[PDB]
Amino acid sequence: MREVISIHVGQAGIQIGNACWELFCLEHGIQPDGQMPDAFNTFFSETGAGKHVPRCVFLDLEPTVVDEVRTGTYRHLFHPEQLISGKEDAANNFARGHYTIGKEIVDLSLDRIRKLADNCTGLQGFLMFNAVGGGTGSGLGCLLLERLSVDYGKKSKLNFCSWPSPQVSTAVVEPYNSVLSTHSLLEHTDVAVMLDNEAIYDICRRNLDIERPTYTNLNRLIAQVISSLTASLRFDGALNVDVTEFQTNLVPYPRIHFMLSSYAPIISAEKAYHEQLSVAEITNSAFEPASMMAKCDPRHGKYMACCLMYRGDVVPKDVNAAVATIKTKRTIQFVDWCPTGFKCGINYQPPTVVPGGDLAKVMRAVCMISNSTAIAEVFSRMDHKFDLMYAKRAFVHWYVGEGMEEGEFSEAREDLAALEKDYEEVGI
Amino acid sequence: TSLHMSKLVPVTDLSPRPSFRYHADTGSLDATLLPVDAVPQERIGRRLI
Ligand SMILES: Nc1nc2c(ncn2[C@@H]2O[C@H](COP(=O)(O)OP(=O)(O)OP(=O)(O)O)[C@@H](O)[C@H]2O)c(=O)[nH]1
Ligand SMILES: [Mg+2]
């Protein structure tokens, strides 16, 4: 009972799994070998003499970034075929990942996910982590959704995307892999959390005050997002929320399932002890329209739903007071078909302290998974890049060369066009 | 002889080897008056803060 399976694909998937499974290891007390010196059931198992194997698949067509966990300390933690690798990288090619070289590794991925689901006595969700900006994260990741939605139909599939940033790309064919991979995260995904790298850069710049953060520091905060997300699945609290209730009291009409993340007790030790990080101040920094983890301003969008996950020494009287002061402000606005728009959930477990990383010791936390119509702009910015490139048929010989017909470019743009059209239609 | 001097009972009486170990037996969770026994229990739930 109470198991969730994380499914990492793409190189950013392995690295985000190195931080997330790290945090799950501390948050139940597992040593680096896999031994505690049953809250752990969602993430780890019990293999006899205290062994604790994680419930993950690390999936990549390029062996290099999955080899560093196979050669570091945690070959002995992860089961050695739960780290499925390949030979050639998909190489920023959605065609290569989805049609050509992803169709030989997809057998080992589905076989291992099946074995990781047979030892479950009631499974809540599939927390798939990926990055839609490249090759195997856009390709094989999409195909894995096609196979998962047909063998596990009733199963909910959460998905933490890493959607392309506006001015920062680190890839020039990235607009092609983003637009062409919308259909996996529109019809075969029940929760689509949209993250991008720049918003984590800004949070690290002004809140944590690391001026020059690395991707490993970006994986700090996204690890804190899933810990507060699966907080009620593992430790007791005043109000509990499971992944069935995230996708019920937050998700409107079924195509609109695109949510945004905002953790906000982000602070480091030079600031931390000078201020009261109580319930009122951490939730005002949560609704602040510069701490969104999307580079997507909510001040031109309407909040359709919000999910506050307070986590620590938080009293429910202060939660109901904090939702009052955020409801009385005009800069925060809601759709008319929403008298109640908050699913508050409290976990008694304090936020896990970060020795040697970037955060500090805080007694309470908050994370928002909020669906708004502001998210109709993270795809409009990528429309302009797609239409500019596909006007001159740029970069499309690489796609058509492995068996990706030129047709799919047009109705992937058209599918995102109906996605945009669906978003201002709700906000009328 | 192997018989007794007056009772004609075998006095050697042997000991054939048990071919199996006849081991690992039984004993059940059941304890006499048909309830269950007191093995140590578990919790199998979320952490009780
Ligand atoms: N959050 C986060 N993003 C990352 C990390 N590493 C790379 N990325 C992002 O991933 C995006 C592109 O995906 P890739 O890094 O190429 O990984 P991929 O999906 O496997 O693509 P291929 O390696 O070409 O198959 C870039 O825009 C990076 O910003 C990371 O460690 N953390
Ligand atoms: Mg890759």
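Counting neighbours? That spans all protein chains shown, and the Cβs are built from the backbone with ideal geometry, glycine included. Rule-based calculations on the coordinates, nothing more; no lab input.
Structural remarks
- For chain A, calculated [θ]222 nm from helices alone, where every DSSP H run of n ≥ 4 adds -39500 (n - 2.57): -10500 deg cm²/dmol
- For A:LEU110 and A:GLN35, the FRET efficiency from 1/(1 + (r/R0)^6), where r spans their Cβ atoms and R0 equals 25 Å, is about 0.25.
- Hull volume per residue, based on the alpha-carbon atoms of segment A:359-428 and their convex hull, is 167 Å³.
- The A:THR170 and B:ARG43 beta-carbon pair, evaluated with R₀ = 51 Å, returns a calculated FRET efficiency of approximately 0.60.
- Spin-label proximity, A:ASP383 to segment A:407-428 - amide N less than 13 Å from point 7 Å beyond Cα toward beta carbon: A:413-425
- Exposure proxy ranking for A:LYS317, A:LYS157, based on other Cβ atoms within 10 angstrom of each Cβ and starting from the fewest, stands as A:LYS317, A:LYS157.
- Descending principal axes extents, segment A:88-244, alpha-carbon based, whole Å: 48, 45, 25
- For peptide A:342-354, the mean count of partner chain Cβ atoms within 10 Å of a residue's Cβ comes to 1.
- The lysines within cross-link reach of A:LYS302, meaning a Cα-to-Cα straight distance under 16 Å and a gap of 8 or more places when in the same chain, are A:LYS327, A:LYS329, A:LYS421.
- Taking each residue as 0.36 nm, the span from A:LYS302 to A:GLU402 lengthens on full extension beyond its C-alpha to C-alpha distance by 31.8 nm.
- For segment A:293-369, the alpha-carbon coordinates run over 44, 31, 17 Å along the three principal axes, in decreasing order.
- Whole-angstrom Cα spans of chain A along principal axes, big to small: 60, 59, 43
- Summed residue charge, Cβ within 14 Å of A:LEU250's Cβ, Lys/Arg positive, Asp/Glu negative: -2
- Rg over Rh, two decimals, chain B (C-alpha only, Kirkwood Rh): 1.47
- Efficiency of FRET between A:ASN284 and B:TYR22 - r from beta-carbon atoms, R0 56 angstrom, step 0.05: 0.15
- Span from the segment A:1-47 Cα centroid across to the segment A:239-256 one, whole angstrom: 24
- For segment A:1-106: rounded, prolate or oblate by the Cα gyration tensor [a/c cutoff 1.5]: prolate
- Inter-probe distance in nm under a simple model that places probes 7 Å from Cα toward Cβ, at A:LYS271 and A:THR331: 1.6
- Partners for A:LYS361 among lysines (Cα-Cα distance below 20 Å; same-chain residues under 8 apart left out): A:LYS271
- Charging the Cβ of each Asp and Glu at -1 and of each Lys and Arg at +1, and nothing else, the dipole of the protein assembly as shown about its Cα centre rounds to 1000 debye.
- Candidate cross-link partners of A:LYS51 among the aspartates and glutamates, defined by an alpha-carbon separation under 13 Å and a same-chain spacing of 8 or more, comprise A:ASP33.
- When its C-alpha radius of gyration is set against 2.2 N^0.38 Å (N residues), segment A:174-326 gives a value of 1.10.
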